[PDB]
Peer 1: 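Please find one structure pasted underneath; my questions will follow.
As a basis for the values below, the full set of heavy atoms in this structure was taken, side chains included, without hydrogen atoms, waters or symmetry mates. In what follows, chains are A, B, ... by sequence order, proteins preceding strands, each numbered from 1.
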Amino acid sequence: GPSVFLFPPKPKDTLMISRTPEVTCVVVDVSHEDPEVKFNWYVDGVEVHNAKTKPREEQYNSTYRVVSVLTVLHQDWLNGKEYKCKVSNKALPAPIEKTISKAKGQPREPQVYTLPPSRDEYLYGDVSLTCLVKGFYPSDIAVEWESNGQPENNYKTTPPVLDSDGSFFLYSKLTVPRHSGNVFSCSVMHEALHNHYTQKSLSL
Amino acid sequence: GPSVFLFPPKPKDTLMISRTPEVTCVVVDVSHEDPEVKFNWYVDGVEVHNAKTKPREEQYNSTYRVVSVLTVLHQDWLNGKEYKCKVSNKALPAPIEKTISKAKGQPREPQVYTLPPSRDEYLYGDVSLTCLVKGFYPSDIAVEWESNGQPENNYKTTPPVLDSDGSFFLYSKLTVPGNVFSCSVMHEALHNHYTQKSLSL
Ligand SMILES: *[C@@H]1O[C@H](CO)[C@@H](O[C@@H]2O[C@H](CO)[C@@H](O[C@@H]3O[C@H](CO[C@H]4O[C@H](CO)[C@@H](O)[C@H](O)[C@@H]4O)[C@@H](O)[C@H](O[C@H]4O[C@H](CO)[C@@H](O)[C@H](O)[C@@H]4O)[C@@H]3O)[C@H](O)[C@H]2NC(C)=O)[C@H](O)[C@H]1NC(C)=O
């Protein structure tokens with residue numbers, strides 16, 4: 001029978017009131033023979049009725065993919081409410097229930113450090129600006145770079161790594177062309193920061 | 001029906017002739033009604049006959065788990081040979097085939113850079129020594145720390161991240177509250193598959 005996956009909102013969306021955080025219930029391997037699928041949504045077990053179901057997509061393996069999207073309130077997500085997606089289909093015996101919520105436990109503020117390229121790296125045409133983000137909890141976080149107020153997007157960021165004290169860390173690497181707008185900033189968004197946002201700059 | 005999982009050797013094992021790299025074929029959810037399983041192994045499609053298949057193991061959920069281990073030659077793995085486990089069981093319609101190999105592509109040598117703690121971090125009781133390992137391919141790699149020739153184990157390493165040029169990078173962080181610290185990296189594209197970069201204070 002078909003299978004269900006339930007996805008949390010993107011971290012950046014929960015942390016800024018101007019954005020729209022969402023929970024996404026994805027159904028895979030929906031067949032032509034049994035192609036009707038229903039959705040019930042529950043917030044802390046309380047049925048909700050504001051979910052919107054997206055258009056199914058026939059996949060190259062002759063299966064169907066169905067998606068239901070529920071908008072959540074920023075503070076419901078951040079206060080630890082649970083969201084339950086129930087999927088009904090007559091090919092499945094019982095309805096499938098999946099639940100998700102923010103990780104439990106005391107949020108911890110990230111410390112942000114910018115580290116310049118090793119002197120050795122300059123023997124290459126591009127050097128790496130590093131941003132160490134450590135000690136945060138939970139692991140939901142967003143990291144971006146900018147210079148002179150505009151985004152710098154030639155960066156990659158590691159996933160969060162569980163550290164030995166139960167907090168998380170990550171690094172973000174901005175690749176720059178060695179000439180050094182000599183001022184670069186690492187921007188970090190996390191629920192435990194004041195105004196959910198902080199910047200740490202790097203001279204060159 | 002039963003399921004097959006095929007595991008590669010540990011990166012360190014392919015890189016040192018003193019270690020013994022192995023490919024491991026694990027079969028789960030074998031039933032009592034049809035519990036005989038046969039393994040056939042192939043290297044680049046040519047059947048090989050030196051795998052060591054262990055005794056089936058009844059699990060607490062009343063399934064059996066059978067595992068077969070094929071020792072591989074270091075240079076076969078690094079030369080990109082494909083290892084195929086074929087698993088036969090009377091409960092299966094057809095035999096299950098799983099194949100594994102080193103990631104395809106031209107190997108690229110890692111650059112290793114050690115970065116000292118931000119001076120700001122010292123206002124806390126523990127500081128982070130950073131080891132940047134970038135530009136490597138494939139992503140199979142080993143990273144370790146030592147000081148004064150002995151292992152240092154208060155470190156964590158990120159998984160490899162695909163960079164924009166198709167190579168990988170990672171960071172490794174050593175937490176210290178031995179003034180010479182070394183980040184050691186093993187990778188197929190390095191000379192003698194090993195390099196070190198040290199950091200004072
Ligand atoms: C027909 O083709 C489609 C499209 O390729 C296949 O759909 C994929 O099926 C696989 C497994 O059947 C799914 O793998 C799962 O991915 C999950 C997350 O990734 C998806 O969701 C996010 C949504 O934002 C995307 O960013 C991402 O790119 C993917 O779209 C994982 O969470 C799943 O993990 C679960 O199972 C593993 C089992 O080990 C556990 O470790 C986990 O805890 C968890 O239980 C899983 O890895 C994949 O998501 C499907 N893609 C889509 C788009 O739905 C069909 O499988 C294929 N049909 C066949 C082959 O018969």
Peer 1: Do A:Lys173 and B:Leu132 have side chains that get closer than 4.5 Å, going by heavy atoms?
Peer 2: yes
Peer 1: Does B:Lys81, at its NZ atom, have more than 12 non-hydrogen atoms belonging to other residues, nucleotides or ligands within less than 6.0 Å?
Peer 2: yes
Peer 1: Does a sphere of radius 6.0 Å around CG in B:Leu201 hold more than 12 heavy atoms from other residues, nucleotides or ligands, not counting ones at 6.0 Å or beyond?
Peer 2: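 No, not enclosed.
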Peer 1: Below 4.5 Å, heavy atoms only, C-beta onward: do B:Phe169 and A:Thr158 meet side chain to side chain?
Peer 2: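 Contact flag for B:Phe169/A:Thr158 side chains = yes.
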Peer 1: Answer yes or no: is there a side-chain heavy-atom contact under 4.5 Å between B:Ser118 and A:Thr114?
Peer 2: no
Peer 1: Step through the shown structure and confirm whether more than 12 heavy atoms of other residues, nucleotides or ligands are within 6.0 Å of CD on B:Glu33.
Peer 2: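 No, not enclosed.
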Peer 1: Below 4.5 Å, heavy atoms only, C-beta onward: do A:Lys200 and B:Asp120 meet side chain to side chain?
Peer 2: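 They are in contact (side-chain heavy atoms under 4.5 Å apart), so the answer is yes.
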Peer 1: A quick test of your reading: do over 12 heavy atoms of other residues, nucleotides or ligands sit less than 6.0 Å from CD of B:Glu36?
Peer 2: no
Peer 1: For A:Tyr124, I'd like to know if atom OH has over 12 heavy atoms of other residues, nucleotides or ligands within 6.0 Å.
Peer 2: no
Peer 1: More than 12 heavy atoms of other residues, nucleotides or ligands under 6.0 Å from NE2 of A:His32: yes or no?
Peer 2: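 Yes, the 6.0 Å shell around NE2 holds more than 12 heavy atoms from other groups.
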Peer 1: Any side-chain heavy atom of B:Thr130 within less than 4.5 Å of one from A:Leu115?
Peer 2: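 Yes, side chains in contact.
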Peer 1: With a 4.5 angstrom heavy-atom cut-off, is it the side chain or the backbone of B:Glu121 that approaches chain A, or both, or neither?
Peer 2: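 For B:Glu121, heavy atoms of backbone and side chain both lie under 4.5 Å from chain A.
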Peer 1: Nearest heavy-atom pair of A:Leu162 and B:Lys156: which atoms, and what distance?
Peer 2: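 For A:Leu162 and B:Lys156, the tightest heavy-atom pair comes out as O-CD, 3.8 Å.
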Peer 1: Name the region of B:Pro160, side chain, backbone, both or neither, that has any atom closer than 4.5 Å to a heavy atom of chain A.
Peer 2: neither
Peer 1: Walk me through whether B:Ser164 and A:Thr175 qualify under side chain to side chain contact (heavy atoms under 4.5 Å, CB included).
Peer 2: CA-CA 10 Å; B:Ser164 43; A:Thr175 307; 5.6 Å; no
Peer 1: Got more than 12 heavy atoms from elsewhere within 6.0 Å of CD, B:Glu47?
Peer 2: yes
